[PDB]
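Please read the structure below before turning to the comments.
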Amino acid sequence: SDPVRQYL
Amino acid sequence: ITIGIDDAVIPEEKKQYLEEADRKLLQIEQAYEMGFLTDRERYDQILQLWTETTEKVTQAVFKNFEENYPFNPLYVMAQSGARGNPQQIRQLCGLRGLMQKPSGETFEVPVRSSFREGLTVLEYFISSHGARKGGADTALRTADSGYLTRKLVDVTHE
Amino acid sequence: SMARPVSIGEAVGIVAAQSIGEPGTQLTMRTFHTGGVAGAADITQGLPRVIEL
Amino acid sequence: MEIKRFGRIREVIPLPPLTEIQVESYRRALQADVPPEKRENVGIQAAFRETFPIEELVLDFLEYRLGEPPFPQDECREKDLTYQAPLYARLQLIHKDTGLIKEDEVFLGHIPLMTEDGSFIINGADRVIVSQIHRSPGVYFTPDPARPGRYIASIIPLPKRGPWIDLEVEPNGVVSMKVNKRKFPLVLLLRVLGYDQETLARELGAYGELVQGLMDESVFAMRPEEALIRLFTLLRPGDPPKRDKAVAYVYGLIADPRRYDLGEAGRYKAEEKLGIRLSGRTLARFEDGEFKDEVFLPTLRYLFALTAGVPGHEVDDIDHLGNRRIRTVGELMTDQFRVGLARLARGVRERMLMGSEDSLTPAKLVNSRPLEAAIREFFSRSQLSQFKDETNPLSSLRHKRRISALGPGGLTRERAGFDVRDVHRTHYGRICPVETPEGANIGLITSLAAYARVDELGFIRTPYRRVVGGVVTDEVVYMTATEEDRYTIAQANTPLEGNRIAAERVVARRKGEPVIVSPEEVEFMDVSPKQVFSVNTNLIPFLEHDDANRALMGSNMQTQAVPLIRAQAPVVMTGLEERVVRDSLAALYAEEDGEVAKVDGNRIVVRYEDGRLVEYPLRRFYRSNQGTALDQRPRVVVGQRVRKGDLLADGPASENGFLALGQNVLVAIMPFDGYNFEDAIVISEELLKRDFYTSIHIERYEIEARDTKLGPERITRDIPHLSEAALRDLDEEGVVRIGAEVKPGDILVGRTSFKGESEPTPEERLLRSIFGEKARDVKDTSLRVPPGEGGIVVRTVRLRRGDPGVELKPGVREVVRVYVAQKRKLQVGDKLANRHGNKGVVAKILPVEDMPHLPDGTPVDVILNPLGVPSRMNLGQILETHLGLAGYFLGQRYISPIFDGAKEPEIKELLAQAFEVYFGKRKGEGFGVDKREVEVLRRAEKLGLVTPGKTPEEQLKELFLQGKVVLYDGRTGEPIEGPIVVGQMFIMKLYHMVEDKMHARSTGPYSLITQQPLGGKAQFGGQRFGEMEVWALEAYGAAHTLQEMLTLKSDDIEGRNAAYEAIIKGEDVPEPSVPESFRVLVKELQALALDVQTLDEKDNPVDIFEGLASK
Amino acid sequence: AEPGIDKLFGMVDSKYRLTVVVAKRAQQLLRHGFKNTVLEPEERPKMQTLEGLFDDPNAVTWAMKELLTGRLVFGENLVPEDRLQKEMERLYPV
Amino acid sequence: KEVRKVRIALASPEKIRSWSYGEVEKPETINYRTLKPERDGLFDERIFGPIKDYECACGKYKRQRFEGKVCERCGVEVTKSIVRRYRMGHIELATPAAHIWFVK
Amino acid sequence: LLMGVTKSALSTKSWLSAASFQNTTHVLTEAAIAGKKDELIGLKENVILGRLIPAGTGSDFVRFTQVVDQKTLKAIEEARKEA
Amino acid sequence: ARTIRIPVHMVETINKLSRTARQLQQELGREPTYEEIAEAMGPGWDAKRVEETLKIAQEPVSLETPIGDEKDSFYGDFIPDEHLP
Amino acid sequence: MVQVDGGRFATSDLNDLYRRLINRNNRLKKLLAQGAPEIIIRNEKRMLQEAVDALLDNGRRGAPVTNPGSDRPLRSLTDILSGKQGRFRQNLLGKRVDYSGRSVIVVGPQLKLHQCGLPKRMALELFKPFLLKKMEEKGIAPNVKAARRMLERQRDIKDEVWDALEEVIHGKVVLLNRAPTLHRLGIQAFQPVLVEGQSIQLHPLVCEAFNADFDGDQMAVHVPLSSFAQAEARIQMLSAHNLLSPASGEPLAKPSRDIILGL
DNA sequence: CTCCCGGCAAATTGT
DNA sequence: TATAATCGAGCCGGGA
RNA sequence: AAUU
Ligand SMILES: O=c1ccn([C@@H]2O[C@H](COP(=O)(O)OP(=O)(O)OP(=O)(O)O)[C@@H](O)[C@H]2O)c(=O)[nH]1
Ligand SMILES: [Mg+2]
Ligand SMILES: [Mg+2]
Ligand SMILES: [Zn+2]
């Protein structure tokens, strides 16, 4: 739901 | 046509009706401390007594005007519909009457003074609660009404 | 407004909304224009019902 | 003239310093005049201790100092500068490895300074920081609306200094904790604090059904470490539950005195409610390697006991003024300082990584830009930093004492219901119940009561007198709302003989509730009636007779009174009008005893006891924020012996040291030929003749000359194609000469701008070529007088680049300012008001011969319609007139305090003495009763006004005691058929003047995207014909009128051009075309990938772009 | 009130049709320079100048007065639109 | 012809491309020194039309005798500058992207 | 079917009317899918386009009414029967 | 990073000018003049060039920036259209 | 992208939203040509979706896109269309208009019901185009261009132009509006009477329908331009022709206050 | 049920 | 262009 | 934030 968290 | 302070005529009946109302009020406290009526029952009885005393004093103001001063400015303005209404005139010459707390529940204690006599700071302060609630009501309500109107136009415009 | 048969072409829906809406609002800024004294029944207990309907 | 004061109330204490809420707060925040070792930890000092030390190398804080201001106050305003002091801090850098210590004093930027009167100067403009009401930190218990028999405990810290916590007992029986919108069983947190079932079972067990909802076996199976990791995984999904990471997150949420701050007031409220002592402002601690509890167990204990009905446990009223506190200027500013400080700390750690890890001082490590920006942000763009209201001295005094519930850390306007706007019983003596805005902000913005002061914790206290036994002491105790609820407080007017209570039954309060009580029960007594109301409300005489809704308007409108050149104090005052002028600081006073050496228009020089010669310069015709003239006038003469505190100069809107917001005029109350209709006002031309209600106003005009890619703008007297008539009043440089009269269209500052590239059109090349005046390189951009403005030029300020002391924004060669003044005589459309809320616009100005007049020839000034009184119920204005009549003939002014005032008998006595002067003079001069005075007396006795069978003198006196006189109509000469009320009333000219509001536009500027006219008078705007206006045209069925509004008179470009051309040619306006804003709508829907097609009846496309958009 | 406004509402089935007739008629008068008027020299609306009485410049006033006389005929489908315009430009040019 | 109806419908990529006068290839807006618009950027005159009426960018064709000419040197059409309110550009995506209205 | 004024207003056949009321994205996405054509029957539609509303002097009932003087009526009457 | 794009080297100069002024302000205890920055920048730099560089470094502002009061007015609404006749 | 007065630039938020899109699209093209791993190409693709999402409806899904160092969401295409401030309810169902003005209102007892007091200075602006033509018919100015130049400077205005204006407004009506316009009588038509002074004079009888008082109320003025609009105002909208409430049918223009009192 | 998105009077002014 | 560096920091109604 |  959080694009940064997802990429991490 | 003018308005001076003596044009707000305190009826002689006022002092009597208030003294009558105070003896009535004492019987309701006695019927409380003896446990005959509840706090609920006692408060309801107090409001009713004060509602009826208020009506009485209004009628006294208007009878005194009609009989003894039919050309009085307040009376004339109220009767012709030029300005004023019975309840406003009652506050000038009568008693102000019961005021309500912020919750909407009404104070048991009324404002016994009239604007001609002048209020007591505590009476004045008690009154501010109702003024403010009325003022907030008007401000928060016009939006509801305004919104309503736009809905009606949109549904009927064709 | 003319106390006579309506003319064809009169925009009646708009007039209906203004006729219903106008005292709503009007009498909701006149409760100030009152006193502060309590004598129940006000356009702000009524108006929610009107909106409810 | 004599000043007669009424009232029996002896007020034991004077009003506090009225701006102390401002002055004292900021002084406390800065402590600049305190030597650093003695500064207490508060304000700026406390901010530094919170941000430092900065770990990562370790940078520590020693002390700060504030410099002196680079420019004085007058200078800042002139040059558009902020009045501020340089802030420096001594910092020592330590290398924890090496031991190395390098210390330097680094410059952190500037901090804005408060002036003597409690305001600020931010970029040249005067500003006020409004105090903010908000919920006090602490621990509260409120009833749960869903489940009647249950309650919620809330632990609330200072705004932005931590999360809100909720302790709910769920229907399943377990105690839940809510943090950042996430809920869990509170038991988990109890175990992390190191509680074991032994401690918790034995502690709360006393409450039978509740302790079991807390018991969870699985949680006890894990040590405080497993419980800490378990909780972190609940609150932050996806973050790996590293043991050091969880401590870090949870510590920052609870125990960090840097990321979580309860108030100092929060600590006291917590200590007081739960009966504990907090070691600090955090809910817990990190001590001896583990977490040690502080708050949670006492709060949980109180919650269980209340649900059970344990005696001594109450719910908290969240609108009680003990639980609502004020954030004053100092606290608000300090908060922004702390934020700016934390950003600078982020900057420090990032610099402690990059570049040389060895070669660093504090000066290289600290960038103050984050700090300067935070403070500049608060002062420039905050919602609590407001443009000062300095219309008149009272305007600013009231502004500084206002209390806002809005702003950053409080409600929104769409987010506040009734409860907050209501008048709470605890507002008594603390916040004024009358003075609040009418409209959307009602109840959110309020004003501090006159005797109220804000204590160090931020709670409003109000004074009361001790009563021991039956004796009223002179010792006054300032009480909070919480402490006030303990005692029985008698009213201030309760009868007294000496210091003894003289009534057998007194009117008193217990928790605000009115109750009748014996003198033995009186613990305290109100200091005065003035303490219940604001300063504005306290300036309304006979307030006890005015309906509150009108008194509200009375208060607020004094704020808008324009300073008059002839301004006078009201003939009926309340006794506060001296103090307001003195605390306002408009007026000038003598420091010590002394002798006046010199008196000038520009200055007053005083010789004191000291022998020293002190010179006080006077502010003369200075332009305030709102364009009213602040001007001080000398009130003493050369050689006058003055004492300490004696008046030296009058400020604006003050007369001999008394607040003068208006004039005293002779008013008659009676309808007059419909010029009085529905609140309009009729005035005598005699008022203009003697310059009553005349006010000076100054408008500021500004122009910049800047560098362009086309070449410099130049301020010059040389303007293409202009006559010498047009340039006559411009000096050598192109600036209008001081004193010239300027009218709309006139040039103020001449300026040229280089013509753009698409230079003169070839059409223009050839036209000029015909006349043999070859086309110029520059165009006339001069600053001109706007429509409807103009006056006399009183000042010019010119600031160039390259002159000493001045540097402008990049690209700007020079800035010129022109100050234009006007003397405004009262006119039709201007707005007047008295202190009781009677307001009206001037509809007619009669020549003195048409004005109703007294028999002895004196005409009245103002005629106010009586129809305004009865519905409004503001009778104080009526009493004001009667006493004003008495005073007109006796030559005196009065002080009648609110609620302890002049009463009817006393006014009647004064009126009789006046009648003696009004009549006895005539009878001795050899004149008897008039024929027409008899005719009116006949009709008056039919009215029951006079007693039948008394002499005309006796009857006229009967009428005069009712404040009524015989009045002759200046038109006819015949009397008014009845006696009319006449007297002196205090009336103000408010700031709303037709000259400012009149506006009209044929055509003018249009907006970029929509091509509709711009808005507002200053842009030469058109009026908005909005949705509801369209409905009106629709309901009338006016289709062609409406279409005009939608096209030719707005955004139909082709149509409006053609329509204008037709009117100047005498043709009828053409049929309209497509409104450009529909074309905007079409293209905006295409940008959304939606195809919008205008089609004809055959369903074929119609191109409303006329081929321009198709390839 | 506009003179004889009640009588004008009498002449039409719908008030808006009166407005249409008046508006169109006033445009005819303006376009042809009033010389197509059905009024007689003493019926001409007058305007008091500083000089004195002159022709009322306001064409909507003219049309309402003309309408009251009875000399105007209004209705639908009386005549092809183009044909009317040309016949009027022949009798009273511009 | 007279407008009697308004249709609104979804637009194919073909149609979005049928509207467009050019592809906007650069995030550039206007040149920082000359202040004139940057070629292939959001304000380009070669795509959306001339800034000045009947005048191309470089000024080879400056008046209405040329209307419809496209200047060879600067690439700008000679027409009314009003077209900068009308002519659309377009961006050619590397991967298709969903329209949020029809998703959310 | 009985629906309140808001829902009723949003359900009207005219999408220019509905989209200017409220729920603009919802109104516009359903309209765009359906390929809806606004016939410009009501007032809001015509106001948005700057058209002459279909009420008052704009009603088709009174819109086309013609006025002619008796001379011009006769001037035309002989010529049009003539040829 | 900039709505009006700037050549990388010019961006380099601007940041240098920033750093320098921040130094000058930290030692002088007040904002430096253009002349003070031009000296601190070394040869080639006078105050005029310092000013022109800052003018170039100004970023545009949003037409949708709200003006004071209620959020009932945008800045673009106060800007006349100087182009269309 | 427009240069404001001071030479500064002001620009629409859409330009920044497009720029984010273009940057991300271009970078995606580059990453494809250079054969980036799927993790990298995938990140770019999802960022591209978000850029399109903010462009079309910012804030709809996920955190709203902001300009740096501001909390203000950029204004997207959806935000432009919809809401009170949106294109429909701001520039489409209502507009600002030409030939309009405003001032403080004052009672005008002497007026007939169909009249209003209109300040001469207001009328000169509101009727300015009409006034120019009349100034040419009377030799008062050589032509229309010259006449306008004469009105520009206030000291250049002579007394014959005021008589010209009196001729212009003859028989014409203006619209008075007072907000809120709650019902259709919030607008009524009046034949204007030019007055010295800066206030509009309103007839006592219409104060009720307008809910106008004289405590400082202001009204707006409008000029219907065409023969059709002027006809509509005088017939349908004239104050004297609307005497009864369209709601109840009862009299709307009726005695009140002082009038009642005297009678 | 819960949650998620859409609504929440008008015109005007002012720094 | 080369030490090595490797996961962020407001209340309300209505419809799926 | 004002005015109605
Ligand atoms: O927010 C507002 C405030 C005020 N107004 C408008 O101003 C008026 C408030 O001002 P008043 O208090 O005078 O109301 P009123 O005129 O009806 O009172 P009386 O003469 O009967 O004593 C309202 O009646 C309203 O039309 C608004 O429309 N909106
Ligand atoms: Mg009123
Ligand atoms: Mg009013
Ligand atoms: Zn070219």
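Each chain in the structure tokens gets a letter, A, B and so on, in the order shown; residues start at 1 in every chain, and ligands are counted from 1 in the order they appear.
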Could you please select, counting only C-alpha atoms, the residues of chain I within 7 Å of chain G and state them as a ChimeraX atom specification?
/I:82,88-89,92-93
Selection within 7 Å of ligand 2 by only C-alpha atoms (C1' of nucleotides) and all ligand atoms, output as an mmCIF file with C-alpha atoms, in the first residue's frame:
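Writing the result to out.cif gives the following:
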data_model
loop_
_atom_site.group_PDB
_atom_site.id
_atom_site.type_symbol
_atom_site.label_atom_id
_atom_site.label_comp_id
_atom_site.auth_asym_id
_atom_site.auth_seq_id
_atom_site.Cartn_x
_atom_site.Cartn_y
_atom_site.Cartn_z
ATOM 1 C CA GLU D 678 -35.375 50.461 8.690
ATOM 2 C CA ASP I 213 -32.231 47.139 5.847
ATOM 3 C CA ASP I 215 -27.612 49.005 8.816
#
Surrounding residues as a list in words, ligand 1, max 8 Å, only C-alpha atoms (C1' of nucleotides) and all ligand atoms
residues 139 and 142 of chain B; 26, 29, 30, 32 and 33 of chain C; 439, 440, 678, 868, 871 and 872 of chain D; 179, 180, 211, 212, 213, 215 and 217 of chain I; 9 and 10 of chain J; 4 of chain L
When the cut-off is 8 Å and you count only C-alpha atoms (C1' of nucleotides) and all ligand atoms, which residues lie near ligand 4, shown as a PyMOL selection string?
chain F and resi 55-61+70-76
How would the residues just chosen look if you wrote them out with N, CA, C and O atoms as a PDB file, in the first residue's frame?
ATOM      1  N   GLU F  55       2.659  35.154 -36.412  1.00  0.00           N
ATOM      2  CA  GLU F  55       4.093  35.344 -36.389  1.00  0.00           C
ATOM      3  C   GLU F  55       4.732  34.054 -35.901  1.00  0.00           C
ATOM      4  O   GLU F  55       4.318  33.499 -34.882  1.00  0.00           O
ATOM      5  N   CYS F  56       5.680  33.543 -36.674  1.00  0.00           N
ATOM      6  CA  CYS F  56       6.356  32.307 -36.321  1.00  0.00           C
ATOM      7  C   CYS F  56       7.398  32.622 -35.244  1.00  0.00           C
ATOM      8  O   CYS F  56       7.580  33.779 -34.837  1.00  0.00           O
ATOM      9  N   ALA F  57       8.064  31.580 -34.744  1.00  0.00           N
ATOM     10  CA  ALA F  57       8.947  31.758 -33.600  1.00  0.00           C
ATOM     11  C   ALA F  57      10.135  32.631 -33.966  1.00  0.00           C
ATOM     12  O   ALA F  57      10.413  33.623 -33.284  1.00  0.00           O
ATOM     13  N   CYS F  58      10.894  32.240 -34.997  1.00  0.00           N
ATOM     14  CA  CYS F  58      12.085  32.981 -35.420  1.00  0.00           C
ATOM     15  C   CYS F  58      11.766  34.269 -36.189  1.00  0.00           C
ATOM     16  O   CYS F  58      12.637  35.144 -36.290  1.00  0.00           O
ATOM     17  N   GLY F  59      10.543  34.425 -36.692  1.00  0.00           N
ATOM     18  CA  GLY F  59      10.148  35.651 -37.367  1.00  0.00           C
ATOM     19  C   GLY F  59      10.442  35.770 -38.845  1.00  0.00           C
ATOM     20  O   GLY F  59      10.580  36.892 -39.355  1.00  0.00           O
ATOM     21  N   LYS F  60      10.475  34.653 -39.565  1.00  0.00           N
ATOM     22  CA  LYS F  60      10.634  34.717 -41.013  1.00  0.00           C
ATOM     23  C   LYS F  60       9.335  35.179 -41.652  1.00  0.00           C
ATOM     24  O   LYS F  60       9.342  36.019 -42.558  1.00  0.00           O
ATOM     25  N   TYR F  61       8.213  34.655 -41.187  1.00  0.00           N
ATOM     26  CA  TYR F  61       6.902  35.005 -41.720  1.00  0.00           C
ATOM     27  C   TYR F  61       6.190  35.768 -40.603  1.00  0.00           C
ATOM     28  O   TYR F  61       5.809  35.175 -39.591  1.00  0.00           O
ATOM     29  N   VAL F  70       3.990  26.770 -42.598  1.00  0.00           N
ATOM     30  CA  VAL F  70       4.735  26.261 -41.459  1.00  0.00           C
ATOM     31  C   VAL F  70       6.190  26.568 -41.747  1.00  0.00           C
ATOM     32  O   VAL F  70       6.810  25.976 -42.641  1.00  0.00           O
ATOM     33  N   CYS F  71       6.731  27.486 -40.960  1.00  0.00           N
ATOM     34  CA  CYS F  71       8.078  27.993 -41.144  1.00  0.00           C
ATOM     35  C   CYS F  71       9.088  26.859 -41.151  1.00  0.00           C
ATOM     36  O   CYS F  71       9.114  26.039 -40.229  1.00  0.00           O
ATOM     37  N   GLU F  72       9.906  26.793 -42.205  1.00  0.00           N
ATOM     38  CA  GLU F  72      10.872  25.702 -42.314  1.00  0.00           C
ATOM     39  C   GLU F  72      11.933  25.790 -41.224  1.00  0.00           C
ATOM     40  O   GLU F  72      12.321  24.774 -40.636  1.00  0.00           O
ATOM     41  N   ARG F  73      12.373  27.009 -40.905  1.00  0.00           N
ATOM     42  CA  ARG F  73      13.471  27.180 -39.963  1.00  0.00           C
ATOM     43  C   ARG F  73      13.049  26.840 -38.539  1.00  0.00           C
ATOM     44  O   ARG F  73      13.663  25.983 -37.890  1.00  0.00           O
ATOM     45  N   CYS F  74      11.997  27.496 -38.037  1.00  0.00           N
ATOM     46  CA  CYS F  74      11.535  27.309 -36.662  1.00  0.00           C
ATOM     47  C   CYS F  74      10.373  26.319 -36.488  1.00  0.00           C
ATOM     48  O   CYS F  74      10.151  25.862 -35.356  1.00  0.00           O
ATOM     49  N   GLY F  75       9.657  25.948 -37.560  1.00  0.00           N
ATOM     50  CA  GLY F  75       8.612  24.930 -37.489  1.00  0.00           C
ATOM     51  C   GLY F  75       7.244  25.334 -36.983  1.00  0.00           C
ATOM     52  O   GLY F  75       6.387  24.446 -36.828  1.00  0.00           O
ATOM     53  N   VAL F  76       6.981  26.648 -36.809  1.00  0.00           N
ATOM     54  CA  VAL F  76       5.761  27.186 -36.197  1.00  0.00           C
ATOM     55  C   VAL F  76       4.764  27.616 -37.260  1.00  0.00           C
ATOM     56  O   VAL F  76       5.150  28.192 -38.279  1.00  0.00           O
TER      57      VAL F  76
END
Taking only C-alpha atoms (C1' of nucleotides) into account, which residues of chain H are within 12 Å of chain L, as a PyMOL selection string?
chain H and resi 68-70
Select, as a ChimeraX atom specification, those residues of chain C with any atom no more than 12 Å from chain J (distances computed using only C-alpha atoms (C1' of nucleotides)).
/C:21-22,24-26,28-29
Quick one: write out the picked residues with N, CA and C atoms as an mmCIF file, in the first residue's frame?
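Result file again-v3.cif:
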data_model
loop_
_atom_site.group_PDB
_atom_site.id
_atom_site.type_symbol
_atom_site.label_atom_id
_atom_site.label_comp_id
_atom_site.auth_asym_id
_atom_site.auth_seq_id
_atom_site.Cartn_x
_atom_site.Cartn_y
_atom_site.Cartn_z
ATOM 1 N N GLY C 21 -37.271 26.895 -0.305
ATOM 2 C CA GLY C 21 -35.971 27.082 0.296
ATOM 3 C C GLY C 21 -35.841 28.367 1.071
ATOM 4 N N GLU C 22 -36.422 29.423 0.507
ATOM 5 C CA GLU C 22 -36.293 30.774 1.051
ATOM 6 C C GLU C 22 -36.688 30.961 2.513
ATOM 7 N N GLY C 24 -36.650 28.704 4.719
ATOM 8 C CA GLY C 24 -35.830 27.743 5.434
ATOM 9 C C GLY C 24 -34.745 28.534 6.106
ATOM 10 N N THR C 25 -33.992 29.084 5.159
ATOM 11 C CA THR C 25 -32.784 29.861 5.392
ATOM 12 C C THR C 25 -33.087 31.143 6.140
ATOM 13 N N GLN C 26 -33.953 31.964 5.552
ATOM 14 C CA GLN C 26 -34.473 33.158 6.196
ATOM 15 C C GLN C 26 -34.719 32.953 7.688
ATOM 16 N N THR C 28 -33.805 30.906 9.709
ATOM 17 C CA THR C 28 -32.769 30.202 10.425
ATOM 18 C C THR C 28 -31.724 31.216 10.865
ATOM 19 N N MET C 29 -31.722 32.413 10.235
ATOM 20 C CA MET C 29 -30.955 33.597 10.634
ATOM 21 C C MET C 29 -31.817 34.623 11.337
#
DSSP alpha helix (DSSP H) selection over chain F, as a PyMOL selection string
chain F and resi 13-19+45-48
Quick one: pull the distance between atom CA of residue D:990 and atom CA of residue I:117, Å, one decimal.
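Interatomic distance here is 23.4 Å.
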Tell me, as a ChimeraX atom specification, which residues lie within 10 Å of residue B:86, counting only C-alpha atoms (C1' of nucleotides); anything in the same chain fewer than 2 positions away does not count.
/B:58-59,61-62,74-75,78-79,84,88-92
Which neighbours of stretch 5-14 of chain K fall inside 7 Å, counting only C-alpha atoms (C1' of nucleotides), when residues of the same chain fewer than 2 positions from it are skipped, and could you give them as a PyMOL selection string?
(chain A and resi 8) or (chain D and resi 414-415)
